[PDB]
Amino acid sequence: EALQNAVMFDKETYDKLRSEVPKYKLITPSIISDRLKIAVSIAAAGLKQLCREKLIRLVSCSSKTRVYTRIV
Amino acid sequence: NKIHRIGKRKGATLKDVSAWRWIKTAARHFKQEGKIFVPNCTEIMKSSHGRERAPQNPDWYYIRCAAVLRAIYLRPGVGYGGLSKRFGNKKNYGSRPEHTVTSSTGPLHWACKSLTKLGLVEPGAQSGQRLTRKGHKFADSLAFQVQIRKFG
Amino acid sequence: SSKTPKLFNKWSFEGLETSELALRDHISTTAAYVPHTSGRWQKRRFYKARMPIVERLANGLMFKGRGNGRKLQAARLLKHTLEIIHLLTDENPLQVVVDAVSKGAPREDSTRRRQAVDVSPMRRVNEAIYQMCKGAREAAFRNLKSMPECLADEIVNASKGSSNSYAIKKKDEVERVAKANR
Amino acid sequence: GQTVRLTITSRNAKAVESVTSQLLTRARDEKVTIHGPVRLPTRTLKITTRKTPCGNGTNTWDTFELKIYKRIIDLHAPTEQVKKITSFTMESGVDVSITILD
Amino acid sequence: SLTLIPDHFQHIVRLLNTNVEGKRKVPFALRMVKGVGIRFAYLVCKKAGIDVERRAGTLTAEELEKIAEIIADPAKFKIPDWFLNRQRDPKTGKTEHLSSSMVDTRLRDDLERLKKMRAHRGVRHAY
Amino acid sequence: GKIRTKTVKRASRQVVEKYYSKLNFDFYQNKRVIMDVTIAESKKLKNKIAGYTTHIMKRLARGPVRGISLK
Amino acid sequence: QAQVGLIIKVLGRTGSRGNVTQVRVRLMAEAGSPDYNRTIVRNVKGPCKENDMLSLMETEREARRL
Amino acid sequence: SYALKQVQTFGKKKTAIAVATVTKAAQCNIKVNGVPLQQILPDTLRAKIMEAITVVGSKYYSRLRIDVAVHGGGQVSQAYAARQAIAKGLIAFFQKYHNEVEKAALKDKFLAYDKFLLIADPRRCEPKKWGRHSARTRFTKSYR
RNA sequence: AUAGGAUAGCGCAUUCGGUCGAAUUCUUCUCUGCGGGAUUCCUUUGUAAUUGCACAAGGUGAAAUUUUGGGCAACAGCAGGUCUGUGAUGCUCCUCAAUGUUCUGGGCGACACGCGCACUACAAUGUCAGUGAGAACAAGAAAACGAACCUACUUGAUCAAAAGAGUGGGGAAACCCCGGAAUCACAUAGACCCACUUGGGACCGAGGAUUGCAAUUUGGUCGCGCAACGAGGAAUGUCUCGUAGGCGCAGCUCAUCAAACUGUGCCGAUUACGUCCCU
Ligand SMILES: [Mg+2]
Ligand SMILES: [Mg+2]
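Protein chains in written order, with UniProt numbering: chain A, 34 to 105; chain B, 6 to 157; chain C, 2 to 113, 121 to 190; chain D, 14 to 115; chain E, 67 to 193; chain F, 2 to 72; chain G, 21 to 86; chain H, 6 to 149.
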């Protein structure tokens, strides 16, 4: 079985990212892509956008790894 | 707090701030100013023959010019061979072992020529390229701006 | 003006104690700012027990030809892994790592027919680190999950004694076989 | 005012040291300004060859080394005084070169 | 990119009689057509003036043939001759960039020409 | 493997027989005496001889030793 | 579930390949317990030394003297 | 006016040699190869360099300007040489311009935290031998 | 700051190998001919001793046990290899359409295959594309005034690379060189996102350069990649600390051409500290 990951954000997947992705104790692009059946690239782009909107906060950052968490 | 002077310290010079921050700020300043000369061959050619793909960054020439300016600041009287050694890379040779390949001197020559056109660098006595008066002043002022976090 | 060291300037080593009496003298809890502390730990026989446990994890992460000699990579991966563990557990990642090392290795296994024998405290610390790093490395081979996350769940699952951890699964089957031929 | 350099080169460390000491003693007797005996880095010529003449057996190798000892002595003295300083018995295997530094 | 999928997005695109995956980016999916590599695809994207961060299924048909004709006649778009695969045809002497089935046809024609000429490379290919 | 070779042992025993009032219980002073009282091409052997001479003197203080005859 | 014991004396290395180590273990039990100061002979694998700690699982079995 | 207080020390790790010059100054700063400690990358090596300061405390390095010139080796060896040079330069400055009741306390803390902070590592590359791809590993042997 | 975290400073603010600045002093690093230093030396209510010879821990120390890596290495052998190193040779063979010697063309590199040893892969602890910081070992020119050799810098450049010019310097601690090695780093807010795929380059097409007396060598550019290969059955090598492994670099052969070897630095582990099961 080969997984099918969407390359662009859908109408439902976008609002699912905007609402359901927050309040997650641990947020990473890989697990976000796992949940939403999307690509890790667009998952990271959406996570960066959420950080810009301040919905989630970035705790661990690196040139290749980004770790986010819910805003408290 | 991040901007505030540490204490009993004034101003800033080059090599006192982040090298990548200074290079990116200088490239952005060059792009906004627009007086730099960008060869048309930079949109097609690669940085070095050791590389296998195009630079893929639209501002790669500006970044390279900023890095060359920083290199001239660090090592006065340096030439295209020294800049090629600075900007070299390891080339994939296929099934054969990888060997270090110096960067093609063409882009370095073009960047140095653009810097002389801007007046930031000039040819030095007994060969080599050296920074100029306004080049040193601009480098130090931009280094101060970097820790000021103006960033253009 | 001196201050006690904290790993990565975030995690404190104060109160680091092994969960159980076992491996108390073989799990080192000495405070250190960074895992990378170059030293001659292999000159003596049991000198490796004095190595900081996070440094031992970083060394265990230095396997295979692609990962041989890359200790800065191991330090960065551990830096991310401790953050992920703290998010997952709401507990000190150093304490979670100590617990996982304490309960990640078998206490009894068979040897040569085969006769069950006990495991020395030194080998239990070694095998706990070996299994945990090995379990994460194979887990993160060709899946979307990156290495720092794959190492995080392994340490969290091992610390709770969950069968989802590769180290715990090996521990259960090894001790089960030891009792079978005991 | 005018300075002259003596370069002593040899394969024999004992011989080159003895010649340098003799030159230093002669210079001190002549009472000239001497900028010390400087021991330039010793240079090793290394050649590795197969031990066998046929290529049979374990590929055992042979390493031959040749060491080069060089000293320099700077002094303020004219040609006649330098020649008088240098003129003595010398030793085999070492050579002394005269140069005038500008 | 954080851009919604267009209603006209297609997973398979027809370019120069070749199928191209729409999931891949524009140059890395334009490299699928024979005669076009990574560098040529990037230069084609630059000449067409479209963003290289877009997907290959989001592009419209009004620029699909624009890309196809750029590939067909690269020299018209000031793409240098040394960037072309066939700089001097041994038969016609012209400069062109073979694409799709044309490269295979030209390779077969070259092999047949060497075979008929009875050269060492004709017989080596025949072996 | 730090056994004193028969050459070292014989040289140290001869040293003890020839000079007994001139020796001591420390190693460094004994070695300093050894350098003058012995002629050898090596310094490792001199150090070993001094060490075993110190050992011999320590044994001699407690009691007579076989192979050494003090007149 | 796992009773602890201290290594008192390290015996010889049992085994043809010399990987197992015969050892003497004193059970760590509180005063008044039946296993107080109980000395047992056991086989240990891995680097072991005196005054070490060892979880014995079941302490009924005794290693055969070598 | 005021006499200049200068102390020079060296720290070695593998081929790397770091010469540290320590001077009394109005404002304390430490630069390794002309780069400040905060600007030094990575944070892994910067932590090791700062380990020289944080073990004893910032008050001892207060009002002290230290510059480090490191030559030879790689980044890790250069960082270790620089931290050893900084630690040895501090102890040396105290030894020359302070009583021996202190300086010894600083040495104690340095030695307790890490011996290699004050004592150079003697390990060096083992020479390569013929018939061996490296110092230890031998040529592959085939029987059939 | 983009969203902009963490990470020292609190008489005298930092910088500027072209500012080619002057002056003065000195030897922290460096150079190197002789020196020293380590000897079980010191200490165990250690072991052993019950004379010893020693040994195990700890101490001291830069170094603590053949200090470490080499070199050298007895006496017997072997019908081991080499008569393709030699003006080392005994006996034989050829000897002027020569088993001599030169020259020309071809071979030593031809393939269905089997085997030894390498090199590159199977990707995300990755691949591209940037920036940063950074070694060591070395090598350089000529007979019966310089010229060959190695270099820096410029230019070509009003426009790809690979070139090609010019101008200097180095006989090599002087020039290269302040030797910008590659592993590596990067909070680069860079691309990709688990696919034989931007993994992997097998293999082939068209152009052009360059070595050379000769290219029917070697770079460089654009295509090809849909060549396997997703980690390898039975088997089987080497290795204990600056070691394995990873990563480069130099010398060497050498007009041209290293997946080789001899060195060299860089980054740096796991395990054991045993045993006679196997050999
Ligand atoms: Mg025979
Ligand atoms: Mg060969």
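Built from N, CA and C at the ideal position, the CB exists for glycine as well.
- Task: Compare the C-beta of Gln-89/H with all C-beta atoms of chain B and state if any pair is closer than 7 angstroms.
- Result: So no, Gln-89/H is outside the interface.
- Length at least 4, wholly inside the region 21-86 of chain H: the alpha helix (DSSP H) runs in chain order: 48-61, 63-66
- At a Cβ cut of 7 angstroms, what residues of the region 92-124 of chain E count as close to chain B, listed as they run along the chain? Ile-104, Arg-105, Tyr-108, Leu-109, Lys-112
- Message: Only counting the same chain, and skipping five residues up and downstream in sequence, which positions put a Cβ closer than 8 angstroms to that of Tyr-98/B?
- Response: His-104
- Query: Any idea what DSSP makes of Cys-158/C, helix, strand or coil?
  - Reply: helix
- Item | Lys-44/F versus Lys-27/D - alpha carbon distance | 21 angstroms
- Message: Within 7 angstroms of any Cβ in chain A, is that where the Cβ of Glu-109/C sits?
- Response: no
- Message: Could you compute how far the alpha carbon of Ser-63/A sits from the alpha carbon of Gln-37/A?
- Response: 14 angstroms
- Do you know offhand how far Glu-78/G's Cα is from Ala-23/C's? Using only the alpha carbons, I get a separation of about 16 angstroms.
- Item | 7 angstroms Cβ cutoff met for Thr-22/D and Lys-83/D | yes
- Item | chain H contacts made by the region 73-100 of chain C, where a contact means CB separation under 8 angstroms | Among the residues of the region 73-100 of chain C, those with a Cβ less than 8 angstroms away from any Cβ of chain H are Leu-73, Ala-76, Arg-77, in the order of the chain.
- Message: Please identify, using Cβ separations under 7 angstroms, the residues of the region 145-159 of chain C that lie next to chain A, in order along the chain.
- Response: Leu-152, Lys-153, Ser-154, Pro-156, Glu-157
- Message: Measuring only the C-alpha atoms, how far is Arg-11/F from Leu-79/D?
- Response: 39 angstroms
- Can you tell which of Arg-184/E, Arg-190/E, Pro-93/E has the C-alpha that lies nearest to the C-alpha of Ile-133/E? When each option's Cα is compared against that of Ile-133/E, the closest is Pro-93/E.
- Message: So that I know if they touch, is there some Cβ in chain C lying closer than 7 angstroms to that of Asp-55/G?
- Response: no
- So is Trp-135/H buried or exposed if we call it buried at 16+ other beta carbons inside 10 Å? exposed
- Message: Quick check on this structure: which residue in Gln-96/C, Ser-39/C, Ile-176/C, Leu-78/C has the alpha carbon closest to the alpha carbon of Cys-158/C?
- Response: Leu-78/C
- Message: Can you tell me whether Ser-67/E is helix, strand or coil according to DSSP?
- Response: coil
- Query: So is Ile-137/E in contact with chain A if we call contact Cβ pairs under 7 angstroms?
  - Reply: no
- Find the residues of chain E that neighbour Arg-58/B, judging by a C-beta separation of less than 9 angstroms, and give them in chain order. Here the neighbours are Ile-104, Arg-105, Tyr-108.
- Message: Here's a check: name, in chain order, each residue in its chain whose Cβ is nearer than 7 angstroms to the Cβ of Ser-173/C, leaving out the five neighbours to either side.
- Response: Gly-143, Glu-162, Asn-165, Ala-166
- For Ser-67/E, which residues of its own chain have a beta-carbon under 7 angstroms away from its beta-carbon, when the five flanking residues on both sides are left out? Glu-119
- Query: Closer than 7 angstroms, Cβ to any Cβ of chain B: which residues of the region 19-39 of chain H, in chain order?
  - Reply: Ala-31, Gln-32, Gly-39
- Taking the C-alpha atoms as reference points, what is the distance between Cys-111/E and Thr-107/B? Rounded to the nearest angstrom, the two C-alpha atoms are 29 angstroms apart.
- Task: Tell me whether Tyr-98/B sits in a helix, a strand or coil according to DSSP, three-state version.
- Result: strand
- Message: Under 8 angstroms: do the region 35-43 of chain C and the region 7-17 of chain H share three or more Cβ pairs, one atom per stretch?
- Response: no
- State the Cα-Cα distance for the pair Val-40/A and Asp-73/E, rounded to the nearest angstrom. 14 angstroms
- Under a CB-based cut-off of 7 angstroms, is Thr-145/H close to chain C? no
- Under 9 angstroms from the C-beta of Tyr-85/H: neighbouring residues of chain C: Simply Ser-39.
- Item | Beta-carbon separation (whole angstroms), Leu-111/H vs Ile-96/H, contact threshold 8 angstroms | 6 angstroms
- Task: For the region 29-53 of chain B, enumerate the residues whose C-beta is nearer than 7 angstroms to any C-beta of chain E, in chain order.
- Result: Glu-48, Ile-49
- Query: Are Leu-73/C and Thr-145/H touching if we call contact CB-CB under 7 angstroms?
  - Reply: Contact flag unset, no.
- Item | Per DSSP, cross-strand counterpart(s) of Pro-81/B | In the DSSP output, where bridge partners are listed per residue, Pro-81/B has none listed.
- Looking at C-beta atoms only, is the number of pairs between the region 7-14 of chain C and the region 89-99 of chain C that lie closer than 8 angstroms three or more? yes
- Query: Taking buried to mean at least 16 other C-beta atoms within 10 Å of its own C-beta, is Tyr-48/C buried or exposed?
  - Reply: Exposed: under 16 other Cβ atoms inside 10 Å.
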